[PDB]
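Naming: A, B, ... by sequence-line order, numbering from 1 per chain.
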Number of protein chains: 2
Amino acid sequence: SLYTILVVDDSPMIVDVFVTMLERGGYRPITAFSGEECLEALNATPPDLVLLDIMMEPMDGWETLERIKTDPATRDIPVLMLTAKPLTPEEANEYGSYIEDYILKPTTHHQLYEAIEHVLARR
Amino acid sequence: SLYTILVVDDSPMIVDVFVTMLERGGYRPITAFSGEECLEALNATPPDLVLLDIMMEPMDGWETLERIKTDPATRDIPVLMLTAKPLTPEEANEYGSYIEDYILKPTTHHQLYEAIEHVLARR
């Protein structure tokens, strides 16, 4: 593989879709489903880059990012935020030194399942 | 599994992403990478529904759809078009009886690879 990528999102659908995308390109994906798990993964299997969901609970992506970037063992790992909408100018500004960019999450699965169910399920 | 779904797209990235999405939901995906292959698959392993890429070459999705819907062995299989942009009113109109709806293809992989490469590749 070339480059290890930690994928952090609370949706196992989103995580699996990113895993497929990364694997086809020979990136090595590792996964986490919460910010708490993300931090454990950074300590155990440090990646070359993190993809980090903004939402999530009980710790969100921004709060997780603060812990990543404050803990001196992990601060130099680049982070791309995973978002449902573009970052506001205020967010891009404030977090500029902490993040490299953002990636909009795919929504396709919602439209895909809805369309298939509408056709094939008993109405 | 519940429902067999034939995924037809010339991008093996797009096909693999749809396969992952369908599998998580217990749909049974089968794949094809051209309209010619799509027709072979319909004859060998008839699915409950087809997801059909509009573009492609040397036969496009519209031309493949015409063959699906004209051949009496396959005409009753529902089809969802896979598109890079919404169908025009003219397309939705003309092909209304042939198709159930369309699904916009995800673009995430392009943004994902570009962002990771920009960070990690030697500039």
Same apolar cluster: B/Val19 and A/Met13, side chain cutoff 4.5 Å = yes
query = Considering only heavy atoms from C-beta outward, does the side chain of B/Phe18 approach that of B/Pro29 to under 4.5 Å?
reply = no
note = Value for CG (B/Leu82) from CG (B/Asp10), rounded to nearest 0.5 Å, stands at 11.0 Å
key: Which residues share a salt bridge (charged side-chain N to carboxylate O under 4.0 Å, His left out) with A/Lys105, sequence neighbours left out   = A/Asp9, A/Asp53
request  = Can you see which heavy atom on B/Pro47 is nearest to which on B/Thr4, and at what distance?
outcome  = CB-O, 3.5 Å
task = Determine, using the 4.5 Å side-chain heavy-atom cutoff (strictly less than), whether B/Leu104 and B/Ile14 are members of one ILVMFWY cluster.
result = no
query = Same hydrophobic cluster for B/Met81 and B/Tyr98, using side-chain heavy-atom links shorter than 4.5 Å among ILVMFWY?
reply = yes
ask   = Do side-chain atoms of B/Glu66 reach the backbone of B/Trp62 as a donor and acceptor pair under 3.5 angstrom?
value = no
task = Take B/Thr83 and B/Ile103 through the side-chain contact (heavy atoms from CB on, under 4.5 Å) test and state the conclusion after the steps.
result = CA-CA 6 Å; B/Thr83 69; B/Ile103 299 155; over 6 Å; no
note = When rounded to the nearest 0.5 Å, the distance separating CE of A/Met56 from OG of A/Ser11 is 12.0 Å
inquiry  = Using 0.5 Å steps for rounding, measure from the CG atom of B/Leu80 to the CG atom of B/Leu51.
reply    = 6.0 Å
query = Listed by chain and number, what are the side-chain contact (heavy atoms from CB on, under 4.5 Å) partners of B/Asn43, not counting sequence neighbours?
reply = none
message = With a 4.5 Å cut-off on side-chain heavy atoms, are B/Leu42 and B/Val50 touching?
response = yes
Tell me which donor-acceptor pairs under 3.5 Å the side chains of residues 112-123 of chain A have, and how far apart each pair is, sequence neighbours excluded?
unit_1, atom_1, unit_2, atom_2, d
A/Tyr113, OH, B/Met21, O, 2.6
A/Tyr113, OH, B/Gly25, N, 3.1
A/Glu117, OE2, B/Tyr27, OH, 2.7

inquiry  = Are the side chains of B/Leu39 and B/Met59 in contact, using a 4.5 Å heavy-atom criterion?
reply    = yes
Within one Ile-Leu-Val-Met-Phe-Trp-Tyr cluster: B/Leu6 and B/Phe33, side-chain cutoff 4.5 Å = no
key: Reported CG-to-CD1 distance for the pair B/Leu22 and B/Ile5, which is rounded to 0.5 angstrom   = 6.0 Å
ask   = Does the side chain of A/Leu65 come within less than 4.5 Å of A/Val79's, by heavy atoms?
value = yes
request  = Taking all heavy atoms of B/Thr108 and all of A/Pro106, pick out the closest pair and write down the distance.
outcome  = OG1-CB, 3.3 Å
Which atom of B/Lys69 lies closest to which atom of B/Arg75, heavy atoms considered = NZ-O, 2.9 Å
inquiry  = Would a single hydrophobic cluster contain both B/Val7 and B/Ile77, if residues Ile, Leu, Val, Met, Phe, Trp and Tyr are joined by side-chain heavy-atom contacts under 4.5 Å?
reply    = no
request  = Return yes if some donor-acceptor pair links the side-chain N/O of A/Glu94 with the main-chain N/O of A/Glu91 below 3.5 Å, else return no.
outcome  = no
request  = Give the minimum heavy-atom separation between B/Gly35 and B/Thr64, together with the two atoms involved.
outcome  = CA-OG1, 3.3 Å
message = Going by salt bridge (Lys or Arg N to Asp or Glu O under 4.0 Å), name the pairs with one or both residues in residues 11-27 of chain B, residues two or more places apart or in two chains.
response = A/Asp16-B/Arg24, A/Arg24-B/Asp16
message = Using 0.5 Å steps for rounding, measure from the CD1 atom of A/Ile68 to the CD1 atom of A/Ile99.
response = 11.5 Å
request  = Count the heavy atoms belonging to other residues, nucleotides or ligands that lie under 6.0 Å from CD of B/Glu63, then report whether that count exceeds 12.
outcome  = yes
remark   = Looking only at heavy atoms, the pair that brings B/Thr74 and B/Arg67 closest together is OG1-O, 4.3 Å
ask   = Taking only residues two or more places apart in sequence, or in another chain, which ones meet A/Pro46 in a side-chain contact (heavy atoms from CB on, under 4.5 Å)?
value = none
inquiry  = Going by salt bridge (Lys or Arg N to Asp or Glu O under 4.0 Å), name the pairs with one or both residues in residues 37-51 of chain B, residues two or more places apart or in two chains.
reply    = none
key: Residue pair B/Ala32 / B/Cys38: nearest heavy atoms and the distance that separates them   = CB-N, 3.7 Å
ask   = From B/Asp101 CG over to A/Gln111 CD, what is the distance, rounded to the nearest 0.5 angstrom?
value = 10.0 Å
